[PDB]
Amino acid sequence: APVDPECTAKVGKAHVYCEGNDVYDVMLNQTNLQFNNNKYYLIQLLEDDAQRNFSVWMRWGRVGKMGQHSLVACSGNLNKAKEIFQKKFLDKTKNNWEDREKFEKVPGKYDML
């Protein structure tokens, strides 16, 4: 569970946030040669080590290409950050994150693991 090296603003100073089982780091894929999809979507909830301060990192593109990315800062509001992460996970897969163990792929939606 290393912080995405592409997140230059945090690779030195922060960790992926966890609570036992629940490690808020995940990689998504949708390959579909009918529509020429071969694309990823990474999501990471990050806490700083120095201060109690949270961020959500998202990064996406065609497999192989460094794509685009977003870093959303939450300043200690862990709930904001879990919401963003979980909402986005749902948006892209049509599965709830808490329901991760029993993941059911959907047509035209991202796949996990």
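Start at 1 and count along the sequence shown; that's the residue number.
### Task
Name the higher of the two by mean Cα B-factor in the PDB entry, 79 to 87 versus 28 to 36.
Higher mean C-alpha B-factor: 28 to 36.
### Task
Among all modelled residues of this chain, ranked by Cα B factor, put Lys10 in the bottom, middle or top third, i.e. lowest, middle or highest.
Ranked within chain, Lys10 CA B lands in the middle tercile.
### Message
How does the C-alpha B factor of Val3 compare with the rest of the chain: lowest, middle or highest third?
### Response
Lowest third of the chain for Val3's C-alpha B-factor.
#### Entry: Chain third (lowest, middle, highest) by recorded CA B-factor, residue given as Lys65
It falls in the top third of the chain.
### Message
What third of the chain does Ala50 rank in for C-alpha temperature factor, lowest, middle or highest?
### Response
According to the entry, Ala50 has a C-alpha B-factor in the chain's highest third.
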